[PDB]
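Only one chain is shown below, in structure tokens, and it's the form deposited in one PDB entry.
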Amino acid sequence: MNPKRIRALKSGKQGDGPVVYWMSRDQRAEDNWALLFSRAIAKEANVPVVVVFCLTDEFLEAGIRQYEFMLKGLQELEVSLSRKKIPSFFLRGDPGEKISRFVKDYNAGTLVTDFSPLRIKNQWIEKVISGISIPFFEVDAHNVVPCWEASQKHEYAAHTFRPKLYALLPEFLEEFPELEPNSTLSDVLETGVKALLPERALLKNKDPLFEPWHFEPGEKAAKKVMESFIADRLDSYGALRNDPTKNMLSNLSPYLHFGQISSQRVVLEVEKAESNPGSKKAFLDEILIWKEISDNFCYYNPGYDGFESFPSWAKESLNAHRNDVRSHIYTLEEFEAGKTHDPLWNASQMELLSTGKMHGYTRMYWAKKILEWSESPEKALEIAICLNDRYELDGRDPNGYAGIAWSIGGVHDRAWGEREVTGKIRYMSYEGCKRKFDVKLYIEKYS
């Protein structure tokens, strides 16, 4: 019930009707600070709470793999909310128009939303703010420490962000109070899939590349992955996280991205787990430090998807090497289909296509080779964002814009030895990787 987790977006006259939670990022009933705030507001006002989610015009920019994972999540979610006597309302169109009408049509007293630093979410907040007059808040349901309270500027390195975040953990890492009760999606899933079908990813024989069985969706399937990580894989996490031949990661990012599970719930469960001291340190650095510095990156950098947000040393170094002859230059088409000269890059591209989740270690190798085989850093940023958002279940996400800005621009990194083309940007070599794991097995597994 910490008030540091909320920000007033607009302040206006409180209406006589239900409190309305505009679900955007945190698509779950449990462990959701934004749902809990909206309910407490409704308790004080002697009104019910309702959930509204807007299905936007932008799903045609992604693929069936994301569209189905999210909707099957929401189908389980509607049931779970109704059992707590919370109705959920799904709107087709974009939020500026559809939230505004719902607020005026149902006489809402207060409007609430969850936090996301992304540009599109800011776009929608701007349209909505104009079209309403009731008060408007946003809660950070997605970070353990509220993005605005973690740091008041862009943190340039993880080593400066780490002591700030761990200092506030004692106040913000706490158990979740239970969600108090109050006192179709099948049609839109099928409609969307037909609109999306002519863009479905196929591999020549028209049989589809995506394998929808590696990650079942929704809050229920998320707990089991979290429970199976701690039970089975956390012990070994600290050593094998950088070996893509043996999947010992959490596998939580798809669920974290759609907000089907709270990173705070994950940190709570990992804290009390008695595992290897160093695996827990490694794991907590990723879900606390690197995930939440990625929200810090997008919140404090309007140009988080452009060259301009690169650090100075990195921009002038890449600018120094702009006219360096590239060893190869591939188009978007060849990158996508996986038709470069590097079998390791290509197998990584296929793990992304077949499963929707590239191993984290080769996500680094994959993105940096795009900087190497592109005409410019600006083209390399485009190509990485496009393929990352199109094919990753966990993409269209701060961790993606930050993970690419790290790979291609040295954001949250430091200068390395100066090379042709890529300047001082940390370099990763095919020879380097086989020294680090069994590179042939990875290739064979994705052929």
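Start at 1 with the first residue shown and count on from there. For clarity, a rigid core is taken as the largest C-alpha set superposing within 1.5 Å between two forms.
What comes next is about the form deposited in another entry, which does not appear here.
For the residue set 316, 178, 175, 190, core-aligned C-alpha shifts between this form and the one not shown reach 2 angstroms or more at a single site, 190. Once both forms are fitted on their rigid core, the CA atom of residue 153 lies less than 2 Å apart between this form and the one not shown. The two forms, fitted on the rigid core, differ between this form and the one not shown by 2 Å or more at the CA of residue 59. After superposition on the rigid core, the Cα atom of residue 201 is displaced by 2 Å or more between this form and the one not shown. A change of 3 Å or more separates the two forms for residue 197 and residue 258: their C-alpha atoms lie closer together in that other deposited form. In that other deposited form, the Cα atoms of residue 351 and residue 200 sit 3 Å or more farther from each other than they do here.
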